[PDB]
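Below you'll find the structure, written out as structure tokens, and then a few comments.
By convention in this document, chain letters (A, B, ...) are assigned in the order of the sequence lines, proteins followed by strands, and residues within each chain are numbered from 1.
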Number of protein chains: 4
Amino acid sequence: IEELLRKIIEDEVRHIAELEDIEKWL
Amino acid sequence: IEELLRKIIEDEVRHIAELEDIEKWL
Amino acid sequence: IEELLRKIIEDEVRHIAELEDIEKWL
Amino acid sequence: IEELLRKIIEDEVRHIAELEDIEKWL
Ligand SMILES: [Zn+2]
């Protein structure tokens, strides 16, 4: 479970970058 | 942007499965 | 923790709707 | 769309805190 949560956190972190980039580009 | 949003959606979908699994196991 | 995971899942579910809507509108 | 993306980012940010807290507690 701990390693799985780590993977989910890493995804959420990538989403912050990706969504902030979309915000900038729009 | 559309392909990027698709990738983010796919991640969020995986998170639903993963978090629901953690809920079941806990 | 179980109730907190439930709240996170609910958010992720809302994101799928919101991101799919953005996909449609773009 | 820009305001909606902002709301999603805010949720993802809360998830990082919440998931990191779960990691610490587990
Ligand atoms: Zn998310």
side-chain contact (heavy atoms from CB on, under 4.5 Å) partners of B/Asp21, counting only residues at least two apart: B/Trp25

I need the minimum non-hydrogen distance between C/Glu2 and B/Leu26, along with the two atoms involved. OE2-C, 3.7 Å

Straight-line distance of C/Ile16 CD1 to B/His15 NE2, nearest 0.5 Å: 10.0 Å

Heavy atoms, side chains only, cut-off 4.5 Å: are B/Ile1 and C/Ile22 in contact? no

I'd like to check C/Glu20 versus B/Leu5 (side-chain heavy atoms, cut-off strictly below 4.5 Å). Are they in contact? no

Could you give the distance from CD (B/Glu23) to CD (C/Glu3), rounded to the nearest 0.5 Å? 8.5 Å

Which pair of non-hydrogen atoms, one from C/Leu19 and one from B/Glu12, has the smallest distance, and what is that distance? CD1-CG, 4.3 Å

If the condition is side-chain contact (heavy atoms from CB on, under 4.5 Å), which residues does C/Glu10 pass it with, not counting sequence neighbours? C/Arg6, C/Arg14

